[PDB]
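**Student:** Mind looking over this structure? Questions follow.
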Amino acid sequence: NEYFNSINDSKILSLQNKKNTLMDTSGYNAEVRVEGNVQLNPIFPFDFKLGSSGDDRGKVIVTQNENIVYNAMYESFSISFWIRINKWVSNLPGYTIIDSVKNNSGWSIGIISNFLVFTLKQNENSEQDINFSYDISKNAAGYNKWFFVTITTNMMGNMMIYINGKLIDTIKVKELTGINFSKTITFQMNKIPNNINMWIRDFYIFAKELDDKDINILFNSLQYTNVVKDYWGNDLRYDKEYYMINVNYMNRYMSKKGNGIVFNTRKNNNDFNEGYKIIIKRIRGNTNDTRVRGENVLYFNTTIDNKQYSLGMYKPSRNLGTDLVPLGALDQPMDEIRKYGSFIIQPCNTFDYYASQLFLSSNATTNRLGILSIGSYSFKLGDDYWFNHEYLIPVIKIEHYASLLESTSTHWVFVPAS
């Protein structure tokens, strides 16, 4: 795969984490100082963490050698990295997160409100910037997911910004005389006059202008595709409590009536703190390392009252439709769970969310009998006696699901109860 090699040749700075230490694996060997409280993840993705807290707070400084800066100080360059910010609310005040400016000239990345802005500066008067705005409708609880930023900048060409491989906003670079690029880049959360976290990982800078096919290769090479992710982009894990949500129904939480699992309307969308939680339990794995991966056969438990149930098929009070059968909370032994409560997970990640599809399994094997979806149906549950009622329920389509195989009503996400 030379495509990958051709890009790496142009790499002037590669801020990676090896041996539990931040360093420059570019080969040009930059200086990396780690001041303050900077958590460093031992587990992949070997990310490093920073805060907005006062006093001793995290600071990472990187100093590049004069020779290699001077050459690339006026031509073409790109910046690419993974970022995550927790409680990135829409009313958030302005912050500078990554900054590379010495004497009123350079480049600077910052976040304010629903915007992540990238400024280019020459002097104290004039400055040209590009930004990415997050869709507040889709992210009422805050844009708290991991996302991969890529900024290409050609000095007499174009200055574009990418998120997750998708081009977002693009503007024309202005005449910038007297623009001196600093030899220092500082990762630190500094407020702007008039408690959040930030995770960074794989901060690369290139000496050329990367194209669409290059960016998207980079994006895809820099993730484990077969590791299913939670809502925020972290490795989805077994034996961990999550809130199970359908992509088409982000304003519903999970509840129970009789044997039936029923979805209900969230009171608010500040937090995800509502309804019953589930735990994912493993059955069959190509690997056995706590992480949930594609083609793993699995099942779901959940503690409702002081009992613990497992999600599994049941016979509804009347027929809901052809080949259609509801999923519910059942107190069933492992033999029943293998017949009627096992699923095969497949990751499905888009620009909007990190989700997954769930296929009904045949006797806990990877052979597929159906697909887990969601719908509103009229039947009896619990104390219901006189009339049928409409319930929004999880439902498995059996045998013929090629239609639903592409529907976003089959995309499920998992939000931790942290």
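In the structure tokens, chains take the letters A, B, ... in the order shown, each chain's residues start at 1, and ligands count up from 1 in the order shown.
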Can you list, as a ChimeraX atom specification, every protein, DNA or RNA residue that comes within 10 Å of residue 368 (chain A) when you count only C-alpha atoms, leaving out same-chain residues fewer than 3 positions away?
**Tutor:** /A:343-344,358-365,371,398-399
**Student:** I'd like the contact shell of region 71-77 of chain A - 10 Å cut-off, only C-alpha atoms, skipping same-chain residues fewer than 2 positions apart - returned as a ChimeraX atom specification.
**Tutor:** /A:10-12,66-69,79,106,151-159,176,179-183,205-210
**Student:** Quick check for you: according to DSSP on this backbone, which residues of region 50-281 of chain A are classed as alpha helix (DSSP H)? Reply as a list in words.
**Tutor:**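 Filtering region 50-281 of chain A to alpha helix (DSSP H) leaves residues 66, 67, 68, 69, 70, 71, 72, 212, 213, 214, 215, 216, 217, 218, 219, 220 and 221 of chain A.
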**Student:** Write a file of the selected residues as a PDB file, in the first residue's frame, keeping N, CA, C and O atoms.
**Tutor:**
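See again.pdb below for the written result:
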```pdb
ATOM      1  N   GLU A  66      14.683  24.543  13.163  1.00  0.00           N
ATOM      2  CA  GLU A  66      14.662  25.713  12.258  1.00  0.00           C
ATOM      3  C   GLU A  66      14.701  25.360  10.759  1.00  0.00           C
ATOM      4  O   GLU A  66      13.933  25.917   9.971  1.00  0.00           O
ATOM      5  N   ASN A  67      15.576  24.427  10.383  1.00  0.00           N
ATOM      6  CA  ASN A  67      15.802  24.088   8.967  1.00  0.00           C
ATOM      7  C   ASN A  67      14.519  23.649   8.258  1.00  0.00           C
ATOM      8  O   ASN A  67      14.230  24.094   7.148  1.00  0.00           O
ATOM      9  N   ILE A  68      13.764  22.769   8.911  1.00  0.00           N
ATOM     10  CA  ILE A  68      12.571  22.163   8.303  1.00  0.00           C
ATOM     11  C   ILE A  68      11.355  23.089   8.320  1.00  0.00           C
ATOM     12  O   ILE A  68      10.487  22.972   7.451  1.00  0.00           O
ATOM     13  N   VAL A  69      11.292  23.993   9.301  1.00  0.00           N
ATOM     14  CA  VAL A  69      10.245  25.037   9.329  1.00  0.00           C
ATOM     15  C   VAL A  69      10.436  26.023   8.163  1.00  0.00           C
ATOM     16  O   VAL A  69       9.538  26.192   7.336  1.00  0.00           O
ATOM     17  N   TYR A  70      11.617  26.638   8.109  1.00  0.00           N
ATOM     18  CA  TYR A  70      11.984  27.650   7.085  1.00  0.00           C
ATOM     19  C   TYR A  70      11.603  27.283   5.641  1.00  0.00           C
ATOM     20  O   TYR A  70      11.147  28.130   4.860  1.00  0.00           O
ATOM     21  N   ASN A  71      11.810  26.020   5.293  1.00  0.00           N
ATOM     22  CA  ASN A  71      11.498  25.517   3.956  1.00  0.00           C
ATOM     23  C   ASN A  71       9.986  25.539   3.686  1.00  0.00           C
ATOM     24  O   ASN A  71       9.540  26.028   2.645  1.00  0.00           O
ATOM     25  N   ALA A  72       9.217  25.035   4.651  1.00  0.00           N
ATOM     26  CA  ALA A  72       7.753  24.923   4.548  1.00  0.00           C
ATOM     27  C   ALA A  72       7.003  26.172   5.046  1.00  0.00           C
ATOM     28  O   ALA A  72       5.772  26.155   5.179  1.00  0.00           O
ATOM     29  N   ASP A 212      -8.644  14.811  -1.375  1.00  0.00           N
ATOM     30  CA  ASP A 212      -9.783  14.079  -0.817  1.00  0.00           C
ATOM     31  C   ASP A 212      -9.476  12.598  -0.605  1.00  0.00           C
ATOM     32  O   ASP A 212      -9.721  12.060   0.472  1.00  0.00           O
ATOM     33  N   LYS A 213      -8.940  11.944  -1.632  1.00  0.00           N
ATOM     34  CA  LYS A 213      -8.641  10.513  -1.556  1.00  0.00           C
ATOM     35  C   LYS A 213      -7.525  10.203  -0.550  1.00  0.00           C
ATOM     36  O   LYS A 213      -7.508   9.128   0.049  1.00  0.00           O
ATOM     37  N   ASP A 214      -6.601  11.147  -0.373  1.00  0.00           N
ATOM     38  CA  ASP A 214      -5.525  11.007   0.613  1.00  0.00           C
ATOM     39  C   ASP A 214      -6.067  11.152   2.035  1.00  0.00           C
ATOM     40  O   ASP A 214      -5.800  10.311   2.893  1.00  0.00           O
ATOM     41  N   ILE A 215      -6.832  12.215   2.268  1.00  0.00           N
ATOM     42  CA  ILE A 215      -7.474  12.456   3.563  1.00  0.00           C
ATOM     43  C   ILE A 215      -8.270  11.237   4.025  1.00  0.00           C
ATOM     44  O   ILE A 215      -8.109  10.764   5.145  1.00  0.00           O
ATOM     45  N   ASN A 216      -9.134  10.735   3.151  1.00  0.00           N
ATOM     46  CA  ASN A 216     -10.019   9.621   3.495  1.00  0.00           C
ATOM     47  C   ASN A 216      -9.266   8.305   3.696  1.00  0.00           C
ATOM     48  O   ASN A 216      -9.707   7.450   4.464  1.00  0.00           O
ATOM     49  N   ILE A 217      -8.134   8.151   3.017  1.00  0.00           N
ATOM     50  CA  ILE A 217      -7.251   7.025   3.288  1.00  0.00           C
ATOM     51  C   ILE A 217      -6.692   7.179   4.692  1.00  0.00           C
ATOM     52  O   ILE A 217      -6.655   6.222   5.462  1.00  0.00           O
ATOM     53  N   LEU A 218      -6.258   8.395   5.009  1.00  0.00           N
ATOM     54  CA  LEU A 218      -5.695   8.694   6.317  1.00  0.00           C
ATOM     55  C   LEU A 218      -6.735   8.397   7.391  1.00  0.00           C
ATOM     56  O   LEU A 218      -6.472   7.651   8.322  1.00  0.00           O
ATOM     57  N   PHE A 219      -7.921   8.973   7.229  1.00  0.00           N
ATOM     58  CA  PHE A 219      -9.044   8.759   8.141  1.00  0.00           C
ATOM     59  C   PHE A 219      -9.267   7.273   8.432  1.00  0.00           C
ATOM     60  O   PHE A 219      -9.352   6.867   9.584  1.00  0.00           O
ATOM     61  N   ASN A 220      -9.357   6.467   7.380  1.00  0.00           N
ATOM     62  CA  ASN A 220      -9.664   5.033   7.525  1.00  0.00           C
ATOM     63  C   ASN A 220      -8.524   4.185   8.072  1.00  0.00           C
ATOM     64  O   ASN A 220      -8.758   3.214   8.785  1.00  0.00           O
ATOM     65  N   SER A 221      -7.294   4.556   7.744  1.00  0.00           N
ATOM     66  CA  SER A 221      -6.112   3.865   8.267  1.00  0.00           C
ATOM     67  C   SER A 221      -5.930   4.064   9.771  1.00  0.00           C
ATOM     68  O   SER A 221      -5.321   3.237  10.441  1.00  0.00           O
TER      69      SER A 221
END
```
**Student:** Per DSSP on the backbone, filter region 170-313 of chain A down to the residues in strand (DSSP E or B) and report them as an MDAnalysis selection string.
**Tutor:** chainID A and resid 170:172 184:191 197:206 227 229 235 237 241:246 252:257 260:265 278:284 291 293 297:303 308:313
**Student:** Need to verify the contact set: region 88-94 of chain A, 8 Å, only C-alpha atoms, exclusion of same-chain residues closer than 4 positions in sequence. Can you return it as number ranges by chain?
**Tutor:** A: 110-114, 136, 141-144, 191-192, 196
**Student:** Just the number, please: distance in Å from CA of residue 381 (chain A) to CA of residue 309 (chain A), one decimal.
**Tutor:**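 Answer for the CA of residue 381 (chain A) to CA of residue 309 (chain A) separation: 16.8 Å.
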**Student:** Taking 6 positions as the minimum chain separation for residues in the same chain, which residues sit within 10 Å of residue 16 (chain A) when counting only C-alpha atoms? Answer as an mmCIF file with N, CA, C and O atoms, in the first residue's frame.
**Tutor:**
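Below is the file part23.cif, written as the result:
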```
data_model
loop_
_atom_site.group_PDB
_atom_site.id
_atom_site.type_symbol
_atom_site.label_atom_id
_atom_site.label_comp_id
_atom_site.auth_asym_id
_atom_site.auth_seq_id
_atom_site.Cartn_x
_atom_site.Cartn_y
_atom_site.Cartn_z
ATOM 1 N N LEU A 22 4.967 10.889 25.103
ATOM 2 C CA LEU A 22 4.699 11.640 23.873
ATOM 3 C C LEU A 22 6.011 11.933 23.161
ATOM 4 O O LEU A 22 6.977 12.366 23.786
ATOM 5 N N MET A 23 6.049 11.669 21.859
ATOM 6 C CA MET A 23 7.216 11.999 21.047
ATOM 7 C C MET A 23 6.882 12.252 19.578
ATOM 8 O O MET A 23 5.741 12.081 19.149
ATOM 9 N N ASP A 24 7.900 12.633 18.812
ATOM 10 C CA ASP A 24 7.753 12.904 17.390
ATOM 11 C C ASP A 24 8.318 11.741 16.574
ATOM 12 O O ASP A 24 9.532 11.598 16.419
ATOM 13 N N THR A 25 7.431 10.900 16.055
ATOM 14 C CA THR A 25 7.843 9.774 15.223
ATOM 15 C C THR A 25 7.915 10.145 13.730
ATOM 16 O O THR A 25 7.852 9.271 12.872
ATOM 17 N N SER A 26 8.067 11.437 13.432
ATOM 18 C CA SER A 26 8.251 11.914 12.059
ATOM 19 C C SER A 26 9.617 11.535 11.498
ATOM 20 O O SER A 26 9.765 11.282 10.294
ATOM 21 N N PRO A 45 -6.559 4.237 22.219
ATOM 22 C CA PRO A 45 -5.730 4.837 21.176
ATOM 23 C C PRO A 45 -4.522 5.649 21.652
ATOM 24 O O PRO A 45 -4.077 6.538 20.935
ATOM 25 N N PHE A 46 -4.006 5.354 22.841
ATOM 26 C CA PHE A 46 -2.817 6.026 23.384
ATOM 27 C C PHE A 46 -2.972 7.546 23.366
ATOM 28 O O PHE A 46 -1.992 8.286 23.249
ATOM 29 N N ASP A 47 -4.213 8.002 23.500
ATOM 30 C CA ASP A 47 -4.520 9.425 23.506
ATOM 31 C C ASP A 47 -3.921 10.138 24.716
ATOM 32 O O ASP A 47 -3.526 9.499 25.687
ATOM 33 N N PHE A 48 -3.852 11.465 24.648
ATOM 34 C CA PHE A 48 -3.505 12.268 25.821
ATOM 35 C C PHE A 48 -4.618 13.267 26.148
ATOM 36 O O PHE A 48 -5.280 13.782 25.244
ATOM 37 N N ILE A 200 -6.679 14.358 22.756
ATOM 38 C CA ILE A 200 -6.026 14.463 21.458
ATOM 39 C C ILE A 200 -5.266 13.173 21.176
ATOM 40 O O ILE A 200 -4.908 12.436 22.098
ATOM 41 N N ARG A 201 -5.035 12.899 19.895
ATOM 42 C CA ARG A 201 -4.327 11.704 19.480
ATOM 43 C C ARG A 201 -3.962 11.750 17.996
ATOM 44 O O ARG A 201 -4.748 12.206 17.170
ATOM 45 N N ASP A 202 -2.781 11.232 17.673
ATOM 46 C CA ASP A 202 -2.258 11.214 16.305
ATOM 47 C C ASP A 202 -2.302 12.591 15.629
ATOM 48 O O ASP A 202 -2.929 12.772 14.580
ATOM 49 N N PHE A 203 -1.620 13.557 16.238
ATOM 50 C CA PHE A 203 -1.474 14.880 15.645
ATOM 51 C C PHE A 203 -0.336 14.868 14.631
ATOM 52 O O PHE A 203 0.835 14.798 15.001
ATOM 53 N N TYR A 204 -0.705 14.928 13.352
ATOM 54 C CA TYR A 204 0.239 14.920 12.239
ATOM 55 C C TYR A 204 0.255 16.263 11.527
ATOM 56 O O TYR A 204 -0.785 16.899 11.375
#
```
**Student:** Near residue 356 (chain A), within 9 Å and counting only C-alpha atoms, which residues show up once chain neighbours fewer than 3 positions away are dropped, as an MDAnalysis selection string?
**Tutor:** chainID A and resid 228:229 345:349 410:414
**Student:** So that I have them on file, write out the residues from the current selection with N, CA, C and O atoms, as a PDB file, in the first residue's frame.
**Tutor:**
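Done, and the output landed in result_24.pdb:
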```
ATOM      1  N   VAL A 228     -16.389  -2.293  17.346  1.00  0.00           N
ATOM      2  CA  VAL A 228     -17.614  -1.527  17.430  1.00  0.00           C
ATOM      3  C   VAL A 228     -17.417  -0.420  18.453  1.00  0.00           C
ATOM      4  O   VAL A 228     -16.751  -0.617  19.463  1.00  0.00           O
ATOM      5  N   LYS A 229     -17.998   0.747  18.186  1.00  0.00           N
ATOM      6  CA  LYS A 229     -17.826   1.913  19.050  1.00  0.00           C
ATOM      7  C   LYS A 229     -19.103   2.279  19.788  1.00  0.00           C
ATOM      8  O   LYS A 229     -20.201   2.039  19.309  1.00  0.00           O
ATOM      9  N   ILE A 345     -23.288  -8.807  16.041  1.00  0.00           N
ATOM     10  CA  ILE A 345     -23.133  -7.365  15.951  1.00  0.00           C
ATOM     11  C   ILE A 345     -22.228  -7.017  14.796  1.00  0.00           C
ATOM     12  O   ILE A 345     -21.236  -7.687  14.558  1.00  0.00           O
ATOM     13  N   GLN A 346     -22.600  -5.965  14.076  1.00  0.00           N
ATOM     14  CA  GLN A 346     -21.817  -5.453  12.970  1.00  0.00           C
ATOM     15  C   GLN A 346     -21.725  -3.949  13.151  1.00  0.00           C
ATOM     16  O   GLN A 346     -22.735  -3.307  13.399  1.00  0.00           O
ATOM     17  N   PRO A 347     -20.519  -3.375  13.066  1.00  0.00           N
ATOM     18  CA  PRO A 347     -20.429  -1.930  13.255  1.00  0.00           C
ATOM     19  C   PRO A 347     -20.939  -1.151  12.045  1.00  0.00           C
ATOM     20  O   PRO A 347     -20.694  -1.553  10.915  1.00  0.00           O
ATOM     21  N   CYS A 348     -21.654  -0.058  12.297  1.00  0.00           N
ATOM     22  CA  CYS A 348     -22.123   0.839  11.246  1.00  0.00           C
ATOM     23  C   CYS A 348     -21.879   2.284  11.662  1.00  0.00           C
ATOM     24  O   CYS A 348     -22.648   2.854  12.429  1.00  0.00           O
ATOM     25  N   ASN A 349     -20.802   2.870  11.155  1.00  0.00           N
ATOM     26  CA  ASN A 349     -20.408   4.220  11.533  1.00  0.00           C
ATOM     27  C   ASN A 349     -20.605   5.207  10.398  1.00  0.00           C
ATOM     28  O   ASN A 349     -20.201   4.954   9.265  1.00  0.00           O
ATOM     29  N   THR A 410     -32.490   0.364  11.817  1.00  0.00           N
ATOM     30  CA  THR A 410     -31.742  -0.794  12.278  1.00  0.00           C
ATOM     31  C   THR A 410     -30.361  -0.408  12.835  1.00  0.00           C
ATOM     32  O   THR A 410     -29.541  -1.285  13.147  1.00  0.00           O
ATOM     33  N   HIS A 411     -30.112   0.895  12.969  1.00  0.00           N
ATOM     34  CA  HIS A 411     -28.867   1.400  13.536  1.00  0.00           C
ATOM     35  C   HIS A 411     -29.044   1.656  15.029  1.00  0.00           C
ATOM     36  O   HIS A 411     -29.856   2.493  15.426  1.00  0.00           O
ATOM     37  N   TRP A 412     -28.274   0.942  15.853  1.00  0.00           N
ATOM     38  CA  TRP A 412     -28.346   1.098  17.306  1.00  0.00           C
ATOM     39  C   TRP A 412     -27.058   1.671  17.870  1.00  0.00           C
ATOM     40  O   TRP A 412     -25.975   1.353  17.402  1.00  0.00           O
ATOM     41  N   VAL A 413     -27.193   2.522  18.881  1.00  0.00           N
ATOM     42  CA  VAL A 413     -26.058   3.172  19.529  1.00  0.00           C
ATOM     43  C   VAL A 413     -26.066   2.834  21.007  1.00  0.00           C
ATOM     44  O   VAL A 413     -27.092   2.413  21.539  1.00  0.00           O
ATOM     45  N   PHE A 414     -24.922   3.025  21.665  1.00  0.00           N
ATOM     46  CA  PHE A 414     -24.790   2.735  23.092  1.00  0.00           C
ATOM     47  C   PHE A 414     -24.108   3.897  23.812  1.00  0.00           C
ATOM     48  O   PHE A 414     -22.974   4.236  23.501  1.00  0.00           O
TER      49      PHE A 414
END
```
**Student:** Just give me the gap between CA of residue 327 (chain A) and CA of residue 370 (chain A) in Å, one decimal is fine.
**Tutor:**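 Distance reported for this atom pair: 12.1 Å.
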**Student:** Excluding region 332-338 of chain A and its own-chain neighbours fewer than 2 positions away, which residues fall within 12 Å of it when counting only C-alpha atoms? Please give them as a PyMOL selection string.
**Tutor:** chain A and resi 259+281-284+297-301+307-314+327-330+340-344+360-366
**Student:** Restricting the calculation to only C-alpha atoms, which member of A:145, A:339, A:291, A:252 is positioned closest to residue 44 (chain A)?
**Tutor:**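 Going through A:145, A:339, A:291, A:252 one by one, the smallest distance to residue 44 (chain A) is for A:291.
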**Student:** Which of these residues is nearest to residue 294 (chain A), using only C-alpha atoms: A:38, A:236, A:185, A:392?
**Tutor:** A:236
**Student:** Between A:241, A:295, A:305, A:331, which has the minimum distance to residue 279 (chain A) (counting only C-alpha atoms)?
**Tutor:**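 Of A:241, A:295, A:305, A:331, the one nearest residue 279 (chain A), counting only C-alpha atoms, is A:241.
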**Student:** For a test of reading the model, state the distance in Å between CA of residue 146 (chain A) and CA of residue 86 (chain A), rounded to one decimal.
**Tutor:**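 So the answer is 9.5 Å.
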